[PDB]
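Some notes on the structure that comes next.
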Amino acid sequence: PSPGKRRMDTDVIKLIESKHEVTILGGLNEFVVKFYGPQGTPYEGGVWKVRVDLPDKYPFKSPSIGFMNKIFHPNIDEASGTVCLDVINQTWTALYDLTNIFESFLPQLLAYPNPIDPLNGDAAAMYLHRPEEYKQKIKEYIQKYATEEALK
Amino acid sequence: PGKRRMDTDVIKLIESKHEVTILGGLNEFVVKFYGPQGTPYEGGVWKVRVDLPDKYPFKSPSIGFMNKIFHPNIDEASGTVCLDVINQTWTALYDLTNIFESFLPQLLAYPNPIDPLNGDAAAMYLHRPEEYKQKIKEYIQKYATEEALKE
Ligand code: NA
Numbered sequence: 023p024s025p026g027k028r029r030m031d032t033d034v035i036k037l038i039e040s041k042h043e044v045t046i047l048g049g050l051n052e053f054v055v056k057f058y059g060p061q062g063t064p065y066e067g068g069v070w071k072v073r074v075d076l077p078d079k080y081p082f083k084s085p086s087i088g089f090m091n092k093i094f095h096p097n098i099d100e101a102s103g104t105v106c107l108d109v110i111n112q113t114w115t116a117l118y119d120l121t122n123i124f125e126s127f128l129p130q131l132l133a134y135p136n137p138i139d140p141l142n143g144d145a146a147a148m149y150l151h152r153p154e155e156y157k158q159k160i161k162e163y164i165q166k167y168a169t170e171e172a173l174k
Numbered sequence: 025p026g027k028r029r030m031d032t033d034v035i036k037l038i039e040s041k042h043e044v045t046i047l048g049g050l051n052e053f054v055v056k057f058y059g060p061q062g063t064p065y066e067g068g069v070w071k072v073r074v075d076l077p078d079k080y081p082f083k084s085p086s087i088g089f090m091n092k093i094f095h096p097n098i099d100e101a102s103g104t105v106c107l108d109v110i111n112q113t114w115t116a117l118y119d120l121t122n123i124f125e126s127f128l129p130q131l132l133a134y135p136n137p138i139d140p141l142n143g144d145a146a147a148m149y150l151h152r153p154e155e156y157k158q159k160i161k162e163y164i165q166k167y168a169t170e171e172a173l174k175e
């Protein structure tokens, strides 16, 4: 097995053993993690199933990250749930710790979006101009799509 | 009243020496901003985007550098100025001309010790001031001259 493949297995097992709750799909290159909205943000209270796919060229190429249940955020395509790959790539390196996607990358993205060049223009505009509507829109999406109730 | 303040604060900024481009409306615009004399930013040129929230001026503007800048309280990738740092200076009677005449030059002269948005910039500022200045100089030449802005 390649250095890249050895890293995939080691990385994913490391992630499985972490505090993060992992469900494996087709194999170790596709898993889903239960992710909780960060405290002190409009996402607080939300629960999401975040799917991660690892490319064959991992870890040189970054994982792709998608929210399987709906989220409203300037840098996440609403209809697909896909996190902006340019944003992931600003953080990702060949030695970046996969567990930090959940501990560090995603909490910080949700807390502090980049509303310039957004994947969700609606969310970006509200973020910048109507922060109270932005927060309320997120709270409504949480109640409709991102509670334990909604997920079952 | 707040909206009356938005319209007149923006029109005053338009009337001032500061060069303003309006984007979607009076609540979003870009101002051409020159690095303050006697700081490591001296000589740099930036396009600074300001967005005004509906409850302005009770709520502060958000402020982003549209071409790259290296500073502890500014997120390098997005150009976003730390909103907590903005809020420490913002009041309901603060206006827009002072964002450019007072707030931003004082911030570029004196980074704020609030948890940094640029950790690399904070570490250099604090422990390697000479490398901090050199890196800013390099970023200015690369991202923040009139020529770099044309491109
Ligand atoms: Na003007």
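As given, the protein sequences belong to chains A and B, one line each in that order. Using PDB author numbering, count along the first sequence one by one with no gaps and you end on 174. Using PDB author numbering, count along the second sequence one by one with no gaps and you end on 175. For every residue, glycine included, the Cβ atom is placed at its ideal position computed from N, Cα and C.
Alpha carbon to alpha carbon, how far is residue j from residue i? Give it in angstroms, no decimals.
i, j, result
"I160 (chain B)", "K174 (chain A)", "52 Å"
"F57 (chain A)", "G26 (chain A)", "26 Å"
"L117 (chain A)", "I110 (chain A)", "14 Å"
"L50 (chain A)", "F82 (chain A)", "17 Å"
"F94 (chain B)", "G67 (chain B)", "14 Å"
"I35 (chain B)", "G48 (chain B)", "15 Å"
"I46 (chain A)", "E52 (chain A)", "6 Å"
"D108 (chain B)", "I138 (chain B)", "8 Å"
"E154 (chain A)", "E154 (chain B)", "43 Å"
"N142 (chain A)", "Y149 (chain A)", "11 Å"
"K41 (chain A)", "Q165 (chain B)", "45 Å"
"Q130 (chain B)", "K71 (chain B)", "17 Å"
"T32 (chain B)", "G62 (chain B)", "32 Å"
"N136 (chain B)", "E39 (chain A)", "39 Å"
"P140 (chain A)", "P140 (chain B)", "23 Å"
If you compare alpha carbons, which of the options is closest to residue i?
i, options, result
"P60 (chain B)", "B:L107, B:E125, B:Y149", "B:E125"
"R73 (chain A)", "A:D144, A:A133, A:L120", "A:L120"
"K157 (chain A)", "A:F53, A:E43, A:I138, A:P64", "A:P64"
"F89 (chain A)", "A:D78, A:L132, A:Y80", "A:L132"
"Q112 (chain A)", "B:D108, B:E100, B:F127", "B:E100"
"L128 (chain A)", "A:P85, A:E154, A:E170, A:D139", "A:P85"
"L37 (chain B)", "B:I123, B:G48, B:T115, B:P77", "B:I123"
"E43 (chain A)", "A:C106, A:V55, A:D33", "A:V55"
"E171 (chain A)", "A:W114, A:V69, A:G48, A:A147", "A:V69"
"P77 (chain A)", "A:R29, A:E155, A:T169, A:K71", "A:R29"
"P23 (chain A)", "A:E52, A:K79, A:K71, A:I46", "A:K79"
"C106 (chain B)", "A:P96, A:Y134, A:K41", "A:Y134"
"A168 (chain A)", "A:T115, A:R152, A:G103, A:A147", "A:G103"
"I98 (chain A)", "A:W114, A:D144, A:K41", "A:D144"
"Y163 (chain B)", "B:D75, B:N91, B:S40", "B:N91"
"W114 (chain A)", "A:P96, A:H151, A:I87, A:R152", "A:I87"
"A146 (chain B)", "B:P96, B:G62, B:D33, B:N136", "B:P96"
"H151 (chain A)", "B:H151, B:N136, B:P140, B:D75", "B:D75"
DSSP state of residue i, grouped into three classes?
i, result
"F53 (chain B)", "strand"
"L120 (chain B)", "helix"
"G48 (chain B)", "strand"
"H151 (chain A)", "helix"
"residue 7 (chain A)", "Outside the modelled stretch of chain A, which goes from 23 to 174, sits residue 7 (chain A), for which no answer is possible."
"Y167 (chain B)", "helix"
"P129 (chain A)", "helix"
"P137 (chain A)", "coil"
"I93 (chain A)", "coil"
"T113 (chain A)", "helix"
"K36 (chain B)", "helix"
"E43 (chain A)", "coil"
"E162 (chain A)", "helix"
"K27 (chain B)", "helix"
"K174 (chain B)", "helix"
May I ask you to list the residues that DSSP assigns as paired with residue i?
i, result
"residue 18 (chain B)", "Because residue 18 (chain B) is not part of the residues shown, which for chain B are 25 to 175, the question remains open."
"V105 (chain A)", "A:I98"
"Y156 (chain B)", "According to DSSP, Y156 (chain B) bridges with nothing at all."
"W70 (chain A)", "A:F57"
Subject >> ligand 1 site residues, beta-carbon cut 7 Å against heavy atoms >> reply: With 7 Å as the limit between CB and the heavy atoms of ligand 1, the residues that fall short of it are B:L37, B:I38, B:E39, B:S40, B:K41, B:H42, B:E43, B:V44.
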